[PDB]
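Visitor: Residue numbers (the deposited numbering), protein chains in the order written: chain A, 27 to 54; chain B, 108 to 319; chain C, 161 to 266; chain D, 55 to 107. Just so you know, even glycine gets a beta-carbon here, dropped at the ideal spot from N, CA and C.
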Amino acid sequence: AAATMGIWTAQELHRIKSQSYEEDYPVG
Amino acid sequence: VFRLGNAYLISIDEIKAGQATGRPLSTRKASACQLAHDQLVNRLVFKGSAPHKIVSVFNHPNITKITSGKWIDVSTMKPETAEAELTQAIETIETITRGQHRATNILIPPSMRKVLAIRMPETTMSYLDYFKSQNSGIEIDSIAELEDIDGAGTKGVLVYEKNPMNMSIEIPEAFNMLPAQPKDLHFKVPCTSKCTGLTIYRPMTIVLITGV
Amino acid sequence: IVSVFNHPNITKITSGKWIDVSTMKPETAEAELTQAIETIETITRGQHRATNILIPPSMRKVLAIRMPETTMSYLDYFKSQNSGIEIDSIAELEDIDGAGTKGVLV
Amino acid sequence: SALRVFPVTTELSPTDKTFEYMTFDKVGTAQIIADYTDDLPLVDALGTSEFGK
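Below is the structure:
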């Protein structure tokens, strides 16, 4: 029940894309 | 005239988190609040409410209504009834109003664009081009609110003249946000506005074709 | 890994054969292309409009039949009324499911 | 023709193993009210995200 995991965490190899998407709700 | 309103809540920790992350919540909530009022106004104009006794555009008693043969029967499309019905509706306004008013605008569902695209039996131009050539001055446009006019799926077409002396929508008070009223470690921001609806002043300048 | 044709959340349209046994129907192709163009615009509500079409390299032969009593062809009229869209053919659409089922991408 | 008919992007560095993109939307309503009102509709918001390999 000890710790065996590797040196690098999962967040040091991860990319968040710059764009985000927003839904459109036309008034009419 | 009538009046509308809604509100929204937010806390202090949410404000501080929004400031420190570059993604505020207040702006999004206010945008939703304004969008709600705009959509309610649109619903009042195009559908009306029964308990408040508001009449929609399609339910005005003293307007001209014409039943039509299906422009698309089951699946077959009929280019030639559309032109006949449009010309008849154009003539009706001038005949009834005795020359004072003439049609300037047409509004069709966004499938009748496909209908009016078939090439004329002769030459290459479509029915739309010939209709515009022989009916110069009239502007054709399509909106998506004309496909479920009654609630059971029956499309309709409106031919009318646009002039502030024949029809009008009024908003005596715009969207306002009252100052926040704090509570224990959070707030409450109310919003309100006013609206009237659509009033037809000379109900002989609008022709509705039902069943297209 | 999901392929282009096997993705769950995409719009799929079942079509009547453009060439049934051996007879060619050059009028169903235009109707189906117009319907497929309309669906994208209606669902995305004006933000997104179709710009490209990819057909099998034999429906390219299909869309070359001349108008019954005109100088133009069906492709020319379709392009004239749908300006902005480019049509191209790739050989990868002649077998989609692995048992001989052609397809078109809009 | 996989590369020609579909766009090619160069965001990912060689050492990445995953990537993520996020979306948002909104929810709300409104009603016809009279003066001296304490019942007023409310609005909110919500997001989500997805990954790749």
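Is B:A114 closer than 8 Å to D:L96 when the C-beta atoms are compared?
Guide: By one-based count along the fourth sequence, residue 96 of chain D stands at place 42. By one-based count along the second sequence, residue 114 of chain B stands at place 7. Yes, they are a contact pair.
Visitor: At a cut of 8 Å, does the stretch 183–190 of chain B reach the stretch 148–159 of chain B through at least three beta carbon pairs?
Guide: No: fewer than three Cβ pairs fall under 8 Å.
Visitor: Could you give the residue range of the beta strand (DSSP E) that holds A:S46?
Guide: Within the first sequence, numbered from 1, the residue matching residue 46 of chain A stands at position 20. Counting along the chain, A:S46 falls outside any beta strand (DSSP E), and DSSP gives it neither H nor E.
Visitor: Measure the CB-CB distance between B:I247 and B:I225 and report whether it falls below 8 Å.
Guide: As a position in the second sequence, residue 247 of chain B is number 140, starting the count at 1. As a position in the second sequence, residue 225 of chain B is number 118, starting the count at 1. Going by C-beta atoms, B:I247 is not nearer than 8 Å to B:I225.
Visitor: When we look at the beta-carbon of A:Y47 and count the other beta-carbons within 10 Å, is it buried (16 or more) or exposed?
Guide: By 1-based counting over the first sequence, the position of residue 47 of chain A is 21. Result: exposed.
Visitor: Closer than 8 Å by beta-carbon distance: list the chain B residues that pair up with D:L66, in chain order.
Guide: Here the question's residue 66 of chain D lines up with position 12 in the fourth sequence. Within 8 Å Cβ-Cβ: nothing; D:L66 doesn't reach chain B, min ~24 Å.
Visitor: Look up B:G125 in the DSSP assignment and say whether it is helix, strand or coil.
Guide: Walking along the second sequence from the start, residue 125 of chain B turns up at place 18. Helix.
Visitor: Quick check: what's the CA-CA separation for A:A36 versus A:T30?
Guide: For the purposes of this step, residue 36 of chain A is identified with residue 10 of the first sequence, where counting begins at 1. For the purposes of this step, residue 30 of chain A is identified with residue 4 of the first sequence, where counting begins at 1. Spanning the two alpha carbons is a distance of roughly 15 Å.
Visitor: B:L265 lies in the alpha helix (DSSP H); which residues open and close that run?
Guide: Residue numbering aside, residue 265 of chain B sits at position 158 when the second sequence is read from its first letter. That residue, B:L265, is in no alpha helix (DSSP H); its beta strand (DSSP E) goes 263–267.
Visitor: Under 8 Å between C-beta atoms, does A:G32 make it to chain B?
Guide: Residue numbering aside, residue 32 of chain A sits at position 6 when the first sequence is read from its first letter. Taking Cβ atoms only, chain B never reaches closer than 8 Å to A:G32, which makes this a no.
Visitor: Check whether the Cβ of B:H293 lies closer than 8 Å to any Cβ atom in chain D.
Guide: By 1-based counting over the second sequence, the position of residue 293 of chain B is 186. False, the Cβ-Cβ gap to chain D never drops below 8 Å.
Visitor: DSSP three-state label for B:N283, please.
Guide: Numbered from its first residue, the second sequence carries residue 283 of chain B at position 176. It is a strand residue.
Visitor: Any C-beta of chain D within less than 8 Å: which residues of the stretch 172–198 of chain C qualify?
Guide: Of all residues in the stretch 172–198 of chain C, none has a Cβ within less than 8 Å of some Cβ in chain D.
Visitor: Going by DSSP, what residues sit across from B:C302 in a beta bridge?
Guide: Along the second sequence, one-based indexing puts residue 302 of chain B at 195. Bridge partners of B:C302: B:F109.
Visitor: Along chain A, which residues have their Cβ under 9 Å away from the Cβ of residue 404 of chain B?
Guide: Residue 404 of chain B is absent from the structure shown; chain B starts at 108 and stops at 319.
Visitor: Could you name the residues that DSSP lists as bridge partners for D:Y75?
Guide: In the fourth sequence, counting from the first residue as 1, residue 75 of chain D sits at position 21. Per DSSP, D:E104.
Visitor: Does the CB of D:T102 have a neighbour CB from chain B at under 8 Å?
Guide: Counting from 1 along the fourth sequence, the entry for residue 102 of chain D is found at position 48. No, D:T102 does not count as interfacial toward chain B.
Visitor: Of all the residues that make up the stretch 213–247 of chain C, which are near chain B by a beta-carbon distance shorter than 7 Å?
Guide: Hits within the stretch, in order: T230, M232, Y237, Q241.
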